[PDB]
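In structure tokens, one chain follows: the form deposited without this ligand.
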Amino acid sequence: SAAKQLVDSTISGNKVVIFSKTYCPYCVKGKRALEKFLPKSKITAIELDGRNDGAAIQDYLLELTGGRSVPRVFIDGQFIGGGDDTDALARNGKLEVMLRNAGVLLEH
């Protein structure tokens, strides 16, 4: 499907991806957590607002990750969680480990 191809190619083509929408406290937390460590140029955020294929994309996210809700966060093409997991990983140090292993965060 168009949605499957869009999602698959976005996560394969970009090292850090977050699917998001405006009305989403966990999306805000997720983007903030990533931006704590990464320049915006290294974060690929796909917002569903204003799209006409939002439901199709979320349906495919259900197939791929086990849930429809945003946010859905991927590192190196792999699902790492939905809100508010990204914030937890940020706060317990594990997100930085993941980002370093993926080569988008240097040791400081």
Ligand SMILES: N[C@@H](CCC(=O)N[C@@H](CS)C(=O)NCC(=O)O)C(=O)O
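Numbers for residues come from their place in the sequence shown, where the first is 1.
As for the form deposited with this ligand bound, it is not shown, yet the points below apply to it.
Colleague: Quick check: superpose the C-alphas round the site, drop in this ligand from its position in the deposited bound form, and tell me whether this chain leaves it open or blocked (blocked if 3+ atoms sit within 2.4 Å of backbone or C-beta).
Modeller: In the deposited bound form, this ligand occupies a site that, on this form, turns out blocked once the ligand is superposed onto it.
Colleague: Considering non-hydrogen atoms and a 4.5 Å limit, does this ligand approach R51 in the deposited bound form?
Modeller: Contact with this ligand, no.
Colleague: Do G13 and this ligand share at least one heavy atom pair within 4.5 Å in the deposited bound form?
Modeller: Flag for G13 set to no.
Colleague: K21 versus this ligand, in the deposited bound form: is there a non-hydrogen atom within 4.5 Å?
Modeller: Yes.
Colleague: Could you tell me if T44 has a non-hydrogen atom within 4.5 Å of this ligand in the deposited bound form?
Modeller: No, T44 stays farther than 4.5 Å from this ligand in the deposited bound form.
Colleague: From first to last in sequence, which residues of 40-76 have any non-hydrogen atom within 4.5 angstroms of this ligand in the deposited bound form?
Modeller: Going through 40-76 in order - heavy atoms within 4.5 Å of this ligand in the deposited bound form - the hits are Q58, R68, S69, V70, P71.
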